[PDB]
Amino acid sequence: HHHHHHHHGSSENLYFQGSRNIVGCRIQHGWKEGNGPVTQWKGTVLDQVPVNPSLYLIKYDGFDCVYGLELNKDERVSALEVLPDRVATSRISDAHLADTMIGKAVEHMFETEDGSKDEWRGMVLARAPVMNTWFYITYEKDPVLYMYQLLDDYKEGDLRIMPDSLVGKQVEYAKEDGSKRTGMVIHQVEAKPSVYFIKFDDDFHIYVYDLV
Amino acid sequence: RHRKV
């Protein structure tokens with residue numbers, strides 16, 4: 001019969017996306033911030049979220065914040081090369097000392113713009129998973145996930161110390177301005193199990209909530 | 001010696 005085709009396609013045209021495992025990898029790709037210009041980003045893929053494998057956690061060279069990014073889907077992302085990357089292990093100087101910062105409150109020194117001494121209380125959550133001489137750390141009055149070489153910090157005296165599940169679950173946040181923002185819980189902290197990571201659809205930050 | 005953004 002001689003009709004107009006309508007949702008025409010073909011099964012051949014239909015390749016998988018996110019085939020190759022890029023965990024551990026070093027990546028460059030482009031970034032089109034709105035109508036803005038196409039800058040290049042380089043970084044290191046730390047994890048791939050088990051309960052949403054569209055989602056990668058990237059550490060970008062010289063951004064302190066960990067980024068959750070849906071690397072294949074996201075259309076601000078272009079030209080995604082996986083660099084080959086080295087036979088440089090970087091092992092850890094003192095792992096008795098590193099293994100007793102997991103879990104601890106800490107006080108972390110930051111310069112202000114004038115070069116004056118600011119200290120921010122945080123918590124150290126875990127050692128980062130690919131670059132395992134960095135730590136996941138979150139802060140009390142910035143509760144998103146950050147990454148630093150907290151030994152280097154301790155070493156130069158810039159850091160001090162003192163004494164089932166719902167992973168998968170979609171969640172929304174109740175703004176006092178009426179709207180909602182939908183995300184999902186993506187990780188549970190092995191050290192402080194009352195602590196989880198949320199990732200909201202409209203933002204690349206991983207947020208750390210204590211949910212008990 | 002860390003700058004806040």
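Residue numbering: from 1, along the chain as shown.
This entry, so its header tells us, was determined using X-ray crystallography, 3.3 Å.
Placed from the backbone N, Cα and C atoms, the Cβ positions cover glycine too.
If you compare A:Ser78, A:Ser90, A:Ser165 in Swiss-Prot, the phosphoserine annotation sits on A:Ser78. The candidates are A:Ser93, A:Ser116, A:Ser179; Swiss-Prot tags A:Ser93 with the feature phosphoserine. If one looks beyond the expression tag (A:1-19) by at least 6 residues along the same chain, the residues whose Cβ comes under 8 Å of a Cβ in the stretch are 53-54, 71-73. Long-range contacts of the region 'Histone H3K4me3 and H3R8me2a binding' (A:62-67) within the same chain, counting only residues at least 6 positions beyond its ends with a Cβ under 8 Å from a Cβ of the stretch, are 43, 46, 136, 144-148, 204-206.
Comparing Cβ neighbour counts within 10 Å across the recorded positions A:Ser93, A:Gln149, the minimum falls on A:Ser93. Sequence-distant contacts of A:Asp153 (site 'Histone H3K4me3 and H3R8me2a binding'), defined by Cβ-Cβ distance under 8 angstroms and a gap of at least six in the same chain, are A:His108, A:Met109, A:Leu159. With respect to A:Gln149 (site 'Histone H3K4me3 and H3R8me2a binding'), the closest of these recorded positions in Cα terms is A:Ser93, chosen from A:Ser78, A:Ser93, A:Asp142. Across the break of 16 residues that separates A:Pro163 from A:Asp164, the C-alpha atoms are 27 angstrom from each other.
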